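# Coordinates in review
Spelled out from the first residue to the last, the chains are:
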Amino acid sequence: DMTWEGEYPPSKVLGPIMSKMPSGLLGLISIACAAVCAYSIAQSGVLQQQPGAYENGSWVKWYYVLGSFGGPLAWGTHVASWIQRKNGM
Amino acid sequence: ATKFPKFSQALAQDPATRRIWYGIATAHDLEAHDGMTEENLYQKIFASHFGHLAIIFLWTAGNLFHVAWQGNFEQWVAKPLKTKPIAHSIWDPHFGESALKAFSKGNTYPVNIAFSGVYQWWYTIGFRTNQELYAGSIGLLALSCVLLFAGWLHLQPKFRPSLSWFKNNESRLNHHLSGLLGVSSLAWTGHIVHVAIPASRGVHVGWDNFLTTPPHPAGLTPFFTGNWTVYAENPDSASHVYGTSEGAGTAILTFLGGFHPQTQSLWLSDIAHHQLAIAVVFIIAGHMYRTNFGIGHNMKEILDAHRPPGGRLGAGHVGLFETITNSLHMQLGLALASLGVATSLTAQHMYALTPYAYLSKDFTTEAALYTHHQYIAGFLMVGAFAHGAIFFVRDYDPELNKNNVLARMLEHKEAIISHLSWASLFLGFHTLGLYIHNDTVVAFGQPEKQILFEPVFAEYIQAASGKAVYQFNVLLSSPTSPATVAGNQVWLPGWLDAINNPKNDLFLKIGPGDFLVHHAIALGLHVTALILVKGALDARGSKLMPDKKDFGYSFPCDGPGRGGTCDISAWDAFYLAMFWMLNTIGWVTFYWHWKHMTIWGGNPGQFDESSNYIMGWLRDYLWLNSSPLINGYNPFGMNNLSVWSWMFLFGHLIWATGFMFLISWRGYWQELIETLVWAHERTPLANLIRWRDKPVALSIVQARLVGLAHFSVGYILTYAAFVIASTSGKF
Amino acid sequence: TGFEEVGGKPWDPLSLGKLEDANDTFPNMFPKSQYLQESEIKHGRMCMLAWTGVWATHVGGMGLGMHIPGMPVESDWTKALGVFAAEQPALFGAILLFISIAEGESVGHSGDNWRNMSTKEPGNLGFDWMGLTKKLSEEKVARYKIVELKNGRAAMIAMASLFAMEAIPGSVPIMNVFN
Amino acid sequence: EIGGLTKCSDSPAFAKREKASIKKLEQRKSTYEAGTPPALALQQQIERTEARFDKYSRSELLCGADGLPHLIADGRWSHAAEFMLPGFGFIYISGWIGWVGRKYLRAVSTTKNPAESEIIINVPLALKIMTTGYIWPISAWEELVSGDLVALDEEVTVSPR
Amino acid sequence: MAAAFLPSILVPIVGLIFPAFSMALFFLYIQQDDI
Amino acid sequence: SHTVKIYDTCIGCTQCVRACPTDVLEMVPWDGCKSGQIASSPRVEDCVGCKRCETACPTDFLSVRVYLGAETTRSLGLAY
Amino acid sequence: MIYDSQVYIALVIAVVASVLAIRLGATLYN
Amino acid sequence: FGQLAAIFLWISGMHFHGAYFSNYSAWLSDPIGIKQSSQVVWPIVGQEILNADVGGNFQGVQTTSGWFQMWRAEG
Ligand code: CLA
Ligand code: CLA
Ligand code: CLA
Ligand code: CLA
Ligand code: CLA
């Protein structure tokens, strides 16, 4: 079923949604998830060192925690972008 | 089958005493029994898993009952640094009058002094009275009644689960990550927020008042509004008297780091925020797999797709799903391998990051708990490779696993074994060579000629976590690093105070004596792995026995032909690795105890000089600390260490008795029993009596097992008698 | 050919381009010829820029002193990246992101040149952009590939020469006649 | 002073060990008169103890709090004489012994009875082969490339899997 | 101790009488020629 | 009883039969080897399990295999 | 302070657990 | 005869080590204060500490075979 041969897996290993998505759309989503994660890490760094914004864990923001998990989503969408490009989308 | 064992017709018709012996030791090998189907096999394992769960909760109810009835828990919570915790009372008619007063020193009745640490753990989780410990022992006594009913119930014909229910991997992982792990961690966060952290704050919250007493003054509205910083507002002070309201905070979820300064133990608000974060991660992790609702991963599809396109792993992980789902021995071997790591991690982290109040000041309990869990972890690791070896004989299909990652281990098994042979020989040639070098130059009066390698790699890891004594100035021991700046706002002031305090166990100061013993531990790990890996990889066949899988996991030999084939079975490599396991855990717990007994004794420089050579271990650790133990009784009387001195010699005797079954083999003893059978048949008035099973010598595999069990029990009982009486006798 | 300094045949005294098919023990652990050629062109192209960057920012004699007004001022090239990444962080990242996207795109379209499975010839990054494989003849662009290869090897030795002076201060005596 | 240590020329506990070990030898020498062979032997031991402790002082060795020299083997070349320079000397010698033992085995492997030339060594062939080991890193690289070092997998016996 | 008489009753049962009972029953059970 | 199997690599050398101390093995006529005979184990009820027949067998990984199984009075070699 | 009756209640719940263990043990044996 | 040749070589060594490497002459003058020693150690890697201060202006390994007491009994 999900066994494959050759240099690249087929599109169906991406699930039922990303197997139909273009490689350029998955590539641009990946940069968008990487930039949101890099912004969330950098802004949580400056919230840690701000002397009125770190006490009792006030440096933790929900949108920066949720934004930082674009990191593993940027990894996966750029892997998925490569697989759709090798499969001709 | 008639004539016990009922499950084995072959042993049922054995005429000798071998039938009763082999009927006992094969009673739980349910896959080998006569008439066993796969559906009946899982249902018997499920029901006997309910029986094992009931035995655990009966054992826990007994620990709670005997402490509540015969112990001094209420006197221990009043004065924790002066009271000795009572395990249970002694009723022994063989006791003399002076033994009765030797064991009832501070009490009325003779007692055993508990070294399990249940007093420090029950006090930390909120127990204060004997009535609360009793009600806990009743509830676990009724929980194990329910688990005994459920094992009976799930063997009734309408409640026996189908084989497809037992093979539902996706629904079991989803529930066991969520419900078993994550929900229980969320519920344990519910206990220590509601019960344990008020009890450390001087507030009693029990079943009578927990519905009407909120654990936080803000009371659950900052949770639902997302204002979660309210739960970390004011922690306990640095001058908080533990168990009282004086100096006490109200924060329930902090990230303080380090220890409570009085108990030298973890903050309960840190444990609550730990358990709550562990709860969320596991609840999320239980949303991965595809159950009845369409979303989720299929585990056969993940394994079939993970083949690297470079081809360095050949077919990838295809076939591994059906391999694991149909092999209970591969499932058990994976489970024992993680439990062995989890039990080693338990021992290594409980001494160093003390979780329970006043646990680090109980020196004998800390030595008992480390030695307990490291020996448990050794037994689990040997059993993981043993059931990995049973899998290759009994369950491995070479055609289903064709060119995947499992089959390719057998394909290069000579490269794996001969490189484990290299690393074992390299470690042993140079660790023993450096110890003998340091023995020889110290014996000749020149200790400055010692080869003392400084363990700078592990000292770098301490300095990377903030240890300042090695002056490396790298990550957390450097105030300019971004790891130090980002982190000083959170846990790091508590952590840097704890790691740079030289009177706890958090990253103990190490030197060249710690170098040589870690390379002895690495030697013992590598050789024990080598026997076990060669046991699993050669389980199906070698050049000496190419058809070895036809003979099974355990068999005596293949005879004296082809040079001789003693101990060729994969069972026999378990048997040889058990000696190497006990030696390895021996070298580990010897090192932990001597490094702690010199830190607790106030002379840590005695370990730093004498551990570089073997005579320092013999003279300054074994011979020196034996002195309170072997004077447990003497011609001038006895004290309460007399039970450990008896057990010390009791342990030496069982160990040596094991050597008899280990060195003498069968054909000597079968010939000796034949003359005993003659003497009974020719003796009048004993001729009235006859055996119904013919007396024979124990078989070849059986006395290997019997000699190993005597060797292991005498190993454990000798060191348990020594590690307890030396710490109790000194402190 | 490009073998005129080393005779007239390919030069490989350690036989490092034969290690992958010499024995059977380390399967695809050594790169094949397409990865080795692409890494030779890439190391040479980076060294041709890097030696020019040390030469164009050296402020002493014989090395022409260029400077961009607005950049940080540190003529020591062994510390100039640290003062550029701190004072111009958005420009340092936009250069690195461009290098990142170009480096991943250079193998993201082709295959596994480590296993000789790539579909493009090594060195071709699709950056012709001005002629010249269409303009020049077939032997002229083959001559210019040998030129870029040998100028890349010459600047690689030059960057090894600059790496050796900062580590061992008597490695290159010819670099003392220029001051 | 790498891992919180001190140099042995600047640590008093190393100086105290030198003072105590010479004082133990001088107390034994005091029980003999001047020209005796016990006193002449103990005078040589004092000079050898003194030469050993002064050699360790002037030679980059780091001492701990115990006054004993500790070796640093993380790779740094400021302590290269403790492990890496004796380490190059070992690898050259042990690689020599292994290379000429392998070379003698394959040399006599093509004779009529190769096992008798391993219990009864052909000494002129072995002595000739043994002197070729001084360039063993060159000939091991040449045999690795040419294929003479590593056997093919179809030529090596293995067990059932 | 609260019910201090109880060890004087239960320890001879668990130590002497129950092992005498259980070793006798297992001995009878292993000699049965039927099931 | 123990199990004794004859595999078709037997060359009919009769050495396993000569080694057997309890007369398990005998030579029967065969045509799969040039000696015209194969070993056979009709009397496996008397096999003590000594594997003397496996020691005697010259074929590379033996044509006789003894598989130790259910022990009887005769299989255990008991004179009582 | 545990009372006499509290020890006797625990012994009755224990002897019921002994009956349920024999019932589980007899069912596993079948 | 070969075993007798090895025993006679061993006996001849014990009397040569008594004649050259012992304090037997000093022990004869004072058999209470002087320790019997008939083995001397060469000064190599640190092992000259094994030459005990046996008395009689001599340093060697204390030997316990009873050679001095046998030789004095023989005169
Ligand atoms: C509280 C938040 C929450 C949410 C939003 C979900 C959501 C889900 N769960 Mg999860 N569940 C939760 C908590 C939650 N769960 C917890 C704490 C556990 C113990 C770890 C589980 C144990 C669990 C298992 C074992 C499984 C799920 C599955 C699912 C998925 C079902 C898909 C669907 O549409 O089913 C149809 C609808 C239903 C089945 C009705 C129940 C849906 C609710 C949201 C679950 C109940 C949550 C909570 C106990 C109730 C309080 C929350 C709120 C209503 C007040 C869905 C994503 C299934 C899955 O496929 O995962 C991949 C699955 O097998 N959950
Ligand atoms: C949410 C519902 C739920 C819950 C709570 C359970 C709970 C249990 N089931 Mg499961 N089960 C379920 C649903 C559930 N099941 C479903 C839906 C199926 C069918 C698909 C099954 C099929 C099933 C079978 C066939 C069996 C079980 C068994 C069990 C028991 C496991 C043994 C035990 O007690 O240890 C519980 C252990 C803990 C609570 C602590 C965990 C300790 C580990 C070591 C922690 C280590 C991880 C750590 C957090 C992180 C690692 C540390 C790292 C730093 C290294 C446990 C009671 C077994 C049993 O015993 O039955 C009687 C058994 O045989 N279940
Ligand atoms: C103290 C007792 C003892 C010692 C020293 C050994 C030693 C060894 N065991 Mg054994 N073992 C023992 C007890 C012991 N065992 C017991 C009680 C059992 C249960 C029956 C086993 C069961 C067992 C199994 C199942 C295996 C071993 C293996 C080994 C070898 C491990 C590799 C190694 O460390 O090389 C170092 C060598 C030594 C420690 C011994 C020689 C030391 C020499 C004499 C001195 C070295 C100093 C210096 C370097 C020499 C240079 C001088 C000059 C030549 C220049 C090693 C020879 C394994 C193996 O063969 O792995 C390759 C293996 O699989 N053992
Ligand atoms: C406009 C807003 C903005 C701001 C405020 C920043 C700010 C920052 N960026 Mg960001 N970035 C931006 C826009 C911005 N960037 C944009 C538009 C992009 C493209 C999308 C990026 C992409 C980007 C990347 C890829 C990286 C950054 C990084 C950084 C951090 C630089 C810290 C540093 O240089 O220490 C560097 C350390 C020093 C200068 C000290 C060393 C000095 C010694 C003396 C040198 C000694 C020699 C040395 C040992 C030799 C090493 C050689 C070796 C490196 C090859 C800084 C917080 C870096 C970072 O820290 O990420 C985690 C980083 O890697 N940015
Ligand atoms: C480590 C996991 C990993 C994997 C399996 C991949 C896989 C891929 N990358 Mg990605 N990438 C990664 C990490 C990874 N990348 C990282 C850390 C970066 C820098 C942020 C990138 C930046 C990147 C760019 C710009 C591009 C790719 C592209 C690709 C695809 C084609 C091959 C290539 O050119 O990449 C080469 C990637 C590298 C040389 C860097 C990875 C080296 C890692 C660090 C090795 C160590 C792995 C280690 C065992 C575990 C990782 C730990 C983690 C914390 C880093 C392929 C799907 C191309 C693509 O097709 O996108 C659609 C492409 O254009 N990658």
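Along each chain, residues carry numbers from 1 upward in sequence order, and these need not match the entry's numbering; residues missing coordinates do not appear. By the order in which they are written, chains take letters starting at A while ligands take numbers starting at 1. Note that the displayed chains come from a larger assembly and that each value is computed for the displayed part only. Calculated side-chain values reflect all of the structure's heavy atoms, with hydrogen atoms and water omitted.

Here we come to the overall build of chain A. A tally of helices and strands in chain A yields four helices and zero strands. Under the DSSP-based scheme used, a helix requires at least four consecutive residues in state H or I and a strand at least two consecutive residues in state E, with every element numbered from the N terminus. Ordered by position from the N terminus, the helices and strands of chain A form the series α-α-α-α. A compact globule built from 89 residues should have a C-alpha radius of gyration of about 12 Å, whereas chain A, at 18 Å, is more than 25% larger. Its C-alpha atoms give chain A principal-axis dimensions of roughly 55 × 25 × 20 Å. If you sum the accessible surface of chain A, you get close to 5300 Å²; carbon and sulfur atoms cover 70% of it. The average position of the 5 basic charges and that of the 4 acidic charges among the side chains of chain A differ by 9 Å. Here the radius of gyration uses the C-alpha set of atoms, whereas the globule reference equals 2.2 Å times the residue count to the power 0.38. Residue-level accessible areas treat just the shown protein chains as cover; the underlying method is Shrake-Rupley with a 1.4 Å probe. Here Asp and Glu are counted as negative and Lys and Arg as positive; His is not counted, and neither are the chain ends. For charged residues, the charge sits on one atom: NZ in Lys, CZ in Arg, CG in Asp, CD in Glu.

Residues and elements named next belong to chain B. Surrounding ligand 1, one finds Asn 174, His 175, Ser 178, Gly 179, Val 183, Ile 283, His 287, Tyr 289, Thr 291, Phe 293 and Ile 295. In this structure, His 287 approaches ligand 1 through a side-chain N or O atom, which is 2.9 Å from a nitrogen atom. Throughout this description, a polar contact denotes any pair of N or O atoms lying within 3.5 Å of each other; where both atoms belong to protein, one of them has to be capable of donating a hydrogen while the other can accept it, and for residues adjacent in sequence the pair is counted only when both atoms sit in side chains. Within the side chain of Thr 291, one N or O atom sits 2.5 Å away from an oxygen atom of ligand 1. Per-element tally for the shell around ligand 1: the top contributor is helix 9 (residues 169–200), with five residues. Classes in brief: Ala, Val, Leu, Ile, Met, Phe, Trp, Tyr, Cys and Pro nonpolar; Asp, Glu, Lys and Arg charged; the others, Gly included, polar. Its residues assigned to classes, the shell around ligand 1 shows five nonpolar, six polar and no charged. Throughout this document, a residue counts as near a molecule or strand when at least one of its heavy atoms sits within 4 Å of that molecule or strand.

With respect to protein ligation, the magnesium atom of ligand 5 binds only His 78 of chain A (NE2), at 2.3 Å. Considering the arrangement of structural elements, one finds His 78 of chain A in helix 4 (residues 70–86). Donor atoms: N, O and S within 2.8 Å of the metal, or within 3.2 Å for Na, K and Ca. Because water is excluded, sites can look incomplete.

This part takes up the site of ligand 2. Residues and elements named next belong to chain B. In the region of ligand 2, 17 residues are neighbours, and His 49, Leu 53, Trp 165, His 175 and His 176 sit closest. Side-chain polar atom of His 49 to an oxygen atom of ligand 2: 2.7 Å apart, as the coordinates give it. Take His 176: an N or O atom from its side chain is 3.1 Å from a nitrogen atom of ligand 2. Secondary structure elements with two or more residues in the shell around ligand 2: helix 3 (38–70), helix 8 (163–166), helix 9 and helix 14 (328–352). Sort the elements by how many residues they give to the shell around ligand 2 and helix 9 lands first, with seven residues. Among the residues forming the shell around ligand 2, the class breakdown is ten nonpolar, six polar and one charged.

Geometry only, nothing functional implied.
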